[PDB]
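Per-entry structural report
These are the residues of each chain, in order.
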Amino acid sequence: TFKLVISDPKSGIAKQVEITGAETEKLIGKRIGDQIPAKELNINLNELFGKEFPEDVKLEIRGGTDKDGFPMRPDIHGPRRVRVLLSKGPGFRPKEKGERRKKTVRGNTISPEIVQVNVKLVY
Amino acid sequence: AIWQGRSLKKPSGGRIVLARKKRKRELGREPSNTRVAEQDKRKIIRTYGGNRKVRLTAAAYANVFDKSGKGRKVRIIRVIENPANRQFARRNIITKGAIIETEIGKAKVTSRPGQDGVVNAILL
Amino acid sequence: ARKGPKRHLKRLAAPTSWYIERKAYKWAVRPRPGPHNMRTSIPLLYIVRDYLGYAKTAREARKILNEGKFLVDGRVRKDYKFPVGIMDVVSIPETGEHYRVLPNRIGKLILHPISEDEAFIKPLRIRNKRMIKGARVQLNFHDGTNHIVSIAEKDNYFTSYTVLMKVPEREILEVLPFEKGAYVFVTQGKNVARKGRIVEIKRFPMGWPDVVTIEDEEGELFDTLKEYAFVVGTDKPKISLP
Amino acid sequence: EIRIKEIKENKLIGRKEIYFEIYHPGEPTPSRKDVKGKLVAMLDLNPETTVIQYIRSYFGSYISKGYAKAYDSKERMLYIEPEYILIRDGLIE
Amino acid sequence: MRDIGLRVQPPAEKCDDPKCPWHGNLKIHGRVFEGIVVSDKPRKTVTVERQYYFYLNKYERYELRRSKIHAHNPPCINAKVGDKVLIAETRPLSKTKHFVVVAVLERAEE
RNA sequence: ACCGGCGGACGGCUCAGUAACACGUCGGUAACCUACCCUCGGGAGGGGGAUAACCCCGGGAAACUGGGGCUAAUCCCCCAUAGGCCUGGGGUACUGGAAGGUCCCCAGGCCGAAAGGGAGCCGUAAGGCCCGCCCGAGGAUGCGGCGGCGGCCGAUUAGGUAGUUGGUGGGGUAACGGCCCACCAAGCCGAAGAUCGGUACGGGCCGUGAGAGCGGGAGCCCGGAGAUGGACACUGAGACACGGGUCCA
């Protein structure tokens, strides 16, 4: 049961939806930056956002957070957890200049353990 | 860590145990082992006191100078002889004082490519 | 152990050239780098607070310096750690009061009051000669300032020569050379705060500086390092020297 | 009875420093307000521009030293002089 | 003949080494000493010895103390054992070498 | 509040080790470094990009963390000139007795600056006063490094040393140096005490004593060194960094 945060760049508005059922199996095994057409995603986006969407609307998967709160990183192949000394990239805020913190983050690939996923709309 | 610290032995062979650790200022750095290539590849390194050291790792051109004093930017074919050590010449590794084969002929390098970043030599 | 530069100085370890109560408090103001050396100068705050007594507390001395009332060789200096060295002229025009810092016989610095006519002349000893690209000669003075001249006039200058230096607008006035008979005032050594005339110049090899033999006004002959001898006049001192 | 030795003018601050001695043989130490009203009379100063810090009476001594300051304008104390000796003198609540 | 500013005649013949104070690159500064050569086995190296007395507070007699110094020996002088030699401080040459011979006052035969 | 200028590398603490060019003193860099400071000469032109705050919708008892909408400077980057560096040839002028270095020209090659700003007065503005930025040249504050001498005990610890010692030619260093590498050679130290072990931060000083002297070095200052034992990077002018970071126990 995933929470999908669908963000529209044109409106700058993002709305959360829930994916359940065999629809979930459609998202298993995908990566970050992956594009997918709207039709099989089965969300009434035109009806949530209240604005017309041509049938050629696609969604790109970019981000999200895990059950505990572990975010996503395109850089790390696979879905597994690997402790990494974080100098730059998602899931890390350096405060003092030159800081490097070792954080544990989820890999790029989408796993069932993910509960929050983020997608961006294109037309 | 490359430590350019105290010799761990006395002149009379006496063992010395270090009373203190390694300070940051006293460590060294990787030898360049500059190779001959079709292009010129360089690295700018931040150093002690915020200075900058340019380090040539791949070399493709050289300043061959005549005894008169004129310089020419001419390419490098291969290395002839390295009196410093015989393994470098086989591996096309260039260092100060090495003999290099170029279009003009034989040249002796009077430069420090690991520190200077450039290759200057005199025709022979 | 220590890892980088420090911003503190205990009152006990203060230089011996200062008139300060050493056991009054724990801490003293660290002199920032400046024109002179550590042994040669003092923070301005100690001049204002102690020598002049205008301000009882350091805070009000800092306030007054921020107001800029005090002129240091014709330049306002609001910093409260500025080092003021030998033969610097401190002028406060509101009182019209002008003093010159000079070494004591004991070797500590003291303020000699001077008239207004002496407040725009500073004598500077030529510490070193160099020359920069464009063939522009440069002279580094004993007080850490630098002046530029052209190549033609280079023979009119030498190291250790004194120059009367119009500091209000940076105008050279006169050049006093380093020759026998010149009137000389001592800056350091056991013969500190003495004035006499040069007699002999003892050149010394092996890195050892030259020794100059100075005869006092009464004819007493002593010796002193060349660096410590400051020429102040051709035959008679051009400045009021205790 | 109060008699002066030191009357010194600091024109960078435009303020007068008064070092004075109080004769109090056999009687308790005078208070701040009494000497404050005493000096101002024969020195002819503005009471509000005038402030006292310390009055030290030594052991076994009937003559006590004291120091007062005399400013000119109402902002000089607010800027330069610290905030205690207005409150101790009542100049600030 | 390039001056070093020490009162001694330079060695006659010149050498091409970059370490001869008269005929090289390195310069002379610092302390000077006089000693005797006792060992010169390794290449262009000398081990000069200097003898002196040391006083002690408790017994007020003297105690001989010796100082061995490793100075560089350029070819222009070619020091040997039994020779009295003038030595000068130099830049760090090697792990132990920090001095150089600048004069030979008496040969071994003397 | 985010970038951003600085400080957090000093100041606080202890005496476990460390017999050491650790330290005391004297020379000592000609073989080095230097943010914040001062003086002199010059520059500060043109162009592009940038994401916090905020809006919304999200994960988790957590720690802590995602996306999209939008934005700046003295944030970043690009172009130009100077400037920095190296090499060859030539010719001088300066520092210093010395050396080389610094300088002028030619040649080749590489690298290769900036920032304007709140307010106020006048000025239509411009421009002046205040503060701020960069290049060259120093000085200065500190720092690194080399050497001579001084500074405990054991002979029921007598030979010790293999990169060891020196040379040639190279590397890395801010910098010279076997510090490191290839070759060349057998050197180096020791009975005046090597090596090994015991013991121990050095000094100004302190206790006692008529003093010769004996003993001690915690309490205040200087120097040396260490964050539980150990090991390691990044960022910064400055660290392997007590209230920054990573790994084993």
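Residues numbered from 1 in each chain as written, not as in the entry; some residues may be left out. Chains lettered and ligands numbered in written order. Part of a larger assembly, values for the part shown. Heavy atoms only, no water.

Our next topic: the nonpolar core. Most often, soluble globular proteins keep nonpolar side chains buried together rather than apart. All names here are of chain C. Formed by 33 residues in total, the largest nonpolar core has its most connected members in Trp18, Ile42, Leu44, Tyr46, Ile47, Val48 and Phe70. Breaking this core down by element, the ones donating at least two residues are α1 (44-52), α2 (58-67), β7 (89-92), β8 (97-103) and β9 (109-114). For this core, the leading source of residues is α1, giving 5 residues. Sequence-distant contacts of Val48, that is, excluding residues within four places in its chain, are made with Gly53, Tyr54, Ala55, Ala61, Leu65 and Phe70. (Core = buried A, V, L, I, M, F, W, Y, C linked by side-chain atoms within 4.5 Å. Buried < 20%, exposed > 50% of the residue type's maximum accessible area, 1.4 Å probe, protein only. Helix = DSSP H or I, 4+ residues; strand = E, 2+ residues; numbered from the N terminus. Contact = heavy atoms within 4.5 Å.)

It is worth spelling out the interface of chain C and chain D at this point. Of the residues lining the interface, 10 residues belong to chain C; the matching set on chain D comes to 8 residues. Counting each side, the surface lost to burial between chain C and chain D is near 900 Å², with a carbon and sulfur contribution of 57%. If you sort the residues of chain C by the area they bury against chain D, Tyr54, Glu60 and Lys63 of chain C come out on top, with a joint share of 49%. At the junction of chain C and chain D, the tally comes to 1 salt bridge. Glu94 of chain C is paired through a salt bridge with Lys11 of chain D; the nearest N and O atoms lie 3.9 Å apart. Joining chain C to chain D, the criterion identifies 4 residue pairs in polar contact. Of all the elements, α2 of chain C adds the most residues to the side of chain C that touches chain D, at 4 residues. When its residues are assigned to classes, the side of chain C that touches chain D shows 4 nonpolar, 1 polar and 5 charged. (Buried area = accessible area lost by both parts, 1.4 Å probe. Salt bridge = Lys/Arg side-chain N within 4 Å of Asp/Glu carboxyl O. Polar contact = N/O pair within 3.5 Å; in protein donor to acceptor, adjacent residues only side chain to side chain. Nonpolar A, V, L, I, M, F, W, Y, C, P; charged D, E, K, R; others polar.)

For the rest of this paragraph, the subject is unusual backbone geometry. Located in the positive-phi region is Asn33 of chain B, a residue other than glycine, with phi close to 60°. With respect to the helices and strands, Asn33 of chain B occurs in the segment before β1 (35-36).

What follows concerns the protein's contact with RNA strand F. Surveying the vicinity of RNA strand F reveals 175 residues, the closest of which are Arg93 of chain A, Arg30 of chain C together with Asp3, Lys58 and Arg91 of chain E. Restricting the count to atoms of RNA strand F within 4 Å of the protein gives a sugar and phosphate share of 81%. Here the surface near RNA strand F is built from residues that sort into 41 nonpolar, 60 polar and 74 charged. (Near = heavy atom within 4 Å.)

Once that is clear, we can look at the packing of aromatic side chains. Under the defined criterion, the tally for this structure stands at 9 aromatic pairs over all chains. With 6.5 Å between their ring centres and 70° between their planes, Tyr19 of chain C and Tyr51 of chain C make a pair best called edge-to-face. Taken together, the residues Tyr19 of chain C in the loop between β1 (9-10) and β2 (27-28) and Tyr51 of chain C in helix α1 connect sequence positions 32 residues apart. Residue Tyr19 of chain C is classed as partly exposed on the basis of its relative accessible area, which comes to 34%. A relative accessible area of 25% places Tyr51 of chain C in the partly exposed class. Members of the aromatic cluster, joined through ring pairs, are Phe49, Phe53 and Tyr123 of chain A. The residue whose ring lies beneath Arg81 of chain A is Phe70 of chain A, and the NZ or CZ to ring-centre distance is 3.4 Å. Here the guanidinium or amino end of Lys26 of chain C rests over the ring plane of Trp27 of chain C, the centre of that ring lying 5.8 Å away. (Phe/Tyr/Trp six-rings, centres within 6.5 Å; stacked < 30°, edge-to-face > 60°. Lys NZ or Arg CZ within 6 Å of the ring centre and 35° of its normal.)

Once rolled over the atoms, a probe with the size of a water molecule shows which space is left empty. By volume, the largest pocket amounts to about 730 Å³. Among the elements of the structure, α1 and α2 of chain C together with β1 (2-10), β2 (15-23), β4 (63-70) and α3 (84-87) of chain D are those that each provide at least two residues to the lining of the largest pocket. When grouped by side-chain class, the residues that make up the lining of the largest pocket number 17 nonpolar, 4 polar and 12 charged. Computed from the structure, the second largest pocket encloses a volume of approximately 540 Å³. Around the second largest pocket, the lining comprises 14 residues; the ones closest to its centre are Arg23, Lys24, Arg25, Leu27 and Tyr48 of chain B. When grouped by side-chain class, the residues that make up the lining of the second largest pocket number 3 nonpolar, 2 polar and 9 charged. (1 Å grid on protein atoms, 1.4 Å probe; cavity = no way out; pocket = protein on both sides within 12 Å on 5 of 7 lines; lining within 4 Å. Points joined across faces, edges and corners; volume = space filled by probe spheres on them.)

All names here are of chain A. Strand order in the open sheet formed by 5 strands is β2-β1-β7-β4-β3, with mixed pairing between adjacent strands. Every other strand in the sheet has two partners, leaving β2 (13-19) and β3 (35-37) as the edge strands with one partner each. Ignoring strand direction, the axes of neighbouring strands in this sheet form an average angle of 35°. Alignment of strand β4 (residues 58-66) against strand β7 (residues 114-122), held across 8 bridges, turns out to be antiparallel. Its bridge partner being in β7, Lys58 is matched across the sheet by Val122. (Pairing = 2+ DSSP bridges. Axes fitted to C-alpha atoms, helices over the stretch in contact; angles between N-to-C directions.)

Residue and element names in this part refer to chain C. As a packed pair, α1 and α2 sit with axes 10 Å apart at the nearest point and diverge in direction by 115°. Note that α1 runs across α2; the crossing there is right-handed. Facing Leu44, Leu45, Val48 and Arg49 of α1, the residues of α2 in contact are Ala58, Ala61, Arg62 and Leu65. Taken together, the residues that form the contact of α1 with α2 break down as 6 nonpolar, no polar and 2 charged. (Left-handed = near helix turned anticlockwise from the far one by under 90°.)

For the rest of this paragraph, the subject is helix α1 (residues 32-43) of chain D. Residue and element names in this part refer to chain D. Compared with an ideal rise of 1.5 Å per residue, which puts 12 residues at 16 Å, α1 spans 16 Å between its outermost C-alpha atoms and is within 8% of the ideal. Listing the buried residues of α1 in full gives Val35, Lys36, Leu39 and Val40. Angularly, the buried residues of α1 cover 130° about the axis, an arc narrow enough to put them on a single face. Exposed side chains of α1 directed beyond 90 degrees from the buried face belong to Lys33 and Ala41. Check the buried side of α1 and you find it contacts β1, β2 and β3 (50-57). Just downstream of α1, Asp44 is the residue with a positive phi angle, here 60°. (Expected span 1.5 Å × (residues − 1). Arc of directions from axis to C-beta.)

On their own, these measurements won't tell you what the molecule is for.
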